[PDB]
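>
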Amino acid sequence: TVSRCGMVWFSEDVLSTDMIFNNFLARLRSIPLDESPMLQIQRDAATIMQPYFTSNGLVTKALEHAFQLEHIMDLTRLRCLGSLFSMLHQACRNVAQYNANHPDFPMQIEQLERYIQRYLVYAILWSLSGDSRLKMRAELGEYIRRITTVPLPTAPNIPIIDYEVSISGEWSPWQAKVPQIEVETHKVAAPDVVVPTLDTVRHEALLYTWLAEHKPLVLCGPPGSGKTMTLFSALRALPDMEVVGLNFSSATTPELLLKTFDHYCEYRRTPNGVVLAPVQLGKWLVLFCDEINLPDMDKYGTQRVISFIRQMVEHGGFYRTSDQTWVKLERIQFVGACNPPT
Ligand SMILES: Nc1ncnc2c1ncn2[C@@H]1O[C@H](COP(=O)(O)OP(=O)(O)OP(=O)(O)O)[C@@H](O)[C@H]1O
């Protein structure tokens, strides 16, 4: 079959990093997040972040070092860049929300610049090295502190990752965000209790950010670490996002996903075409996959189910085999979890 048709090879020199950077910046400057004031705030934010997105810029050096490190899953450059762009989009949404809650005093250019710079640094930290050990995140933080010019927390030993940037554009510790809950006497060691702490509040913010953009994500880490629990707490805390836990097995097939879809969603005919919508209105059906990487590869190194989620995440839809018709996904997003592949 290789010799039965032509060929073209696209190496990874085809997209220079600056190519992706210019695509992201142009798409942000043109299209608005909601679907105009927020386009104006996007333009201002992009004007702020342009100096760090140039060739031989802060993001490029940070990315090459993150490649020099080790990550729990296979590090792909576009994965890091797409995560960073999604989190920057959420930063712009946060600025828009702050403006909406303060009609008298819209956030000025100086505060916007400070917030965007600090969010960019924190975003690099949590996107490039968010899938590494704590020590490797510390190494990346030390590097980026060495090479960047953005002001950073002056904690003598606390790495920047434990810090957060306030909507007022200031470096504030994540510790203050952690409350002190008093669980009831009969609720000790309960299957649902979630004591807030540094890790779960940071992961709460990250889950909120990557779920607002409807970017699917998978939690990685050693068995019994607080991953499934933190995810469920976040998802239940979510206002209008139903949660559908799904225990993927080694015998998992996309047929199971279709079963869940017909159980919770329904097919309706719209002028664009057949559209998948969850039955209950205004709800982002978040399909939790307990063990995303568990399903077996075939003899040709392909997990059919993960191919299905890739198809639906990228193309924004799938094909209904009943009538071989394109079905677009509406109000559906995915989150998974898995221990390291080792
Ligand atoms: N911050 C916390 N507050 C309360 N309990 C916690 C906290 N962090 C972890 N735990 C407890 O530790 C365990 C963490 O479970 P976890 O959510 O990691 O499971 P899991 O994702 O299903 O595991 P696995 O990968 O082995 O299948 C639970 O028993 C949970 O109650």
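Positions 2355 to 2389, 2410 to 2716 (PDB author numbering) are the ones given, in order, by the sequence shown. We put the CB at the ideal spot given by N, CA and C, even for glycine.
1) Taking 7 Å as the line, does the beta carbon of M2447 fall inside it for any heavy atom of ligand 1?
2) Do residue 2392 and ligand 1 come close, with the Cβ less than 7 Å from some heavy atom?
3) For the putative contact between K2551 and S2460, defined by C-beta atoms under 8 Å, what is the C-beta separation to the nearest angstrom?
4) Please state whether DSSP places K2509 in a helix, a strand or coil.
5) Could you give the residue range of the alpha helix (DSSP H) that holds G2647?
6) Residues in the same chain with beta-carbon distance under 6 Å from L2455, minus the five sequence neighbours each way, listed in chain order, please.
7) How far does the beta strand (DSSP E) with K2702 in it extend, from its first residue to its last?
8) Answer with buried or exposed for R2610, where buried requires no fewer than 16 other C-beta atoms within 10 angstroms of its C-beta.
9) Can you give me the C-alpha to C-alpha distance between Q2485 and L2650, rounded to a whole angstrom?
10) Is DSSP giving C2359 helix, strand or coil here?
11) Helix, strand or coil, according to DSSP, for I2666 in the structure here?
12) Touch check for the stretch 2702–2712 and the stretch 2651–2666: three-plus C-beta pairs under 8 Å?
13) When the Cα atoms are used, what is the spatial distance from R2694 to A2564?
14) With a CB to CB cut of under 8 Å and the five nearest residues on each side skipped, what residues in its chain are close to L2458?
15) So the beta strand (DSSP E) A2711 belongs to, where does it begin and stop?
16) Looking only at its own chain, which residues have a Cβ that is under 6 Å from the Cβ of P2553, when we skip the five neighbours before and after it?
17) With distances taken between CB atoms, is the gap from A2440 to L2452 smaller than 8 Å?
18) Mapping the DSSP letters down to three states, classify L2661 as helix, strand or coil.
19) Using the C-alpha atoms, what's the distance from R2507 back to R2519?
20) Out of curiosity, what's the CA-to-CA distance linking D2388 and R2684?
21) Quick check: what's the CA-CA separation for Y2537 versus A2579?
Answer, in terms of the structure:
1) Not so, every heavy atom of ligand 1 lies at least 7 Å from the Cβ.
2) The structure shown gives no position for residue 2392: in the chain, residue numbering passes from 2389 to 2410 with nothing in between.
3) Contact doesn't hold; Cβ gap of about 21 Å is too wide.
4) For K2509, the secondary structure class from DSSP, reduced to helix, strand or coil, is helix.
5) Looking at the DSSP string, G2647 is not in any alpha helix (DSSP H), and its letter there is neither H nor E.
6) Within the same chain, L2455 has close Cβ partners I2374.
7) It spans 2699–2703 - the beta strand (DSSP E) in which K2702 sits, taken as one unbroken run.
8) Taking all protein chains in view, the Cβ of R2610 is surrounded by fewer than 16 other Cβ atoms within 10 Å, so the residue is classified as exposed.
9) Note on geometry: alpha-carbon atoms of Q2485 and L2650 lie some 42 Å from one another.
10) Of the three classes helix, strand and coil, the one that applies to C2359 here is coil, per DSSP.
11) Correct three-state label for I2666: coil.
12) In short, these stretches touch, since the Cβ pair count reaches three.
13) Using only the alpha carbons, I get a separation of about 41 Å.
14) These residues qualify, in order along the chain: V2433, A2497, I2498, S2501, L2502.
15) Element bounds for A2711: 2706–2712.
16) Excluding sequence neighbours, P2553 sits near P2570.
17) Their beta carbons are not under 8 Å apart, which means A2440 does not touch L2452 by this criterion.
18) The three-state secondary structure of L2661, taken from DSSP, is strand.
19) The straight-line gap separating the alpha-carbon atoms of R2519 and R2507 is approximately 18 Å.
20) Cα to Cα, the separation comes out at about 24 Å.
21) The C-alpha of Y2537 lies about 12 Å from the C-alpha of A2579.
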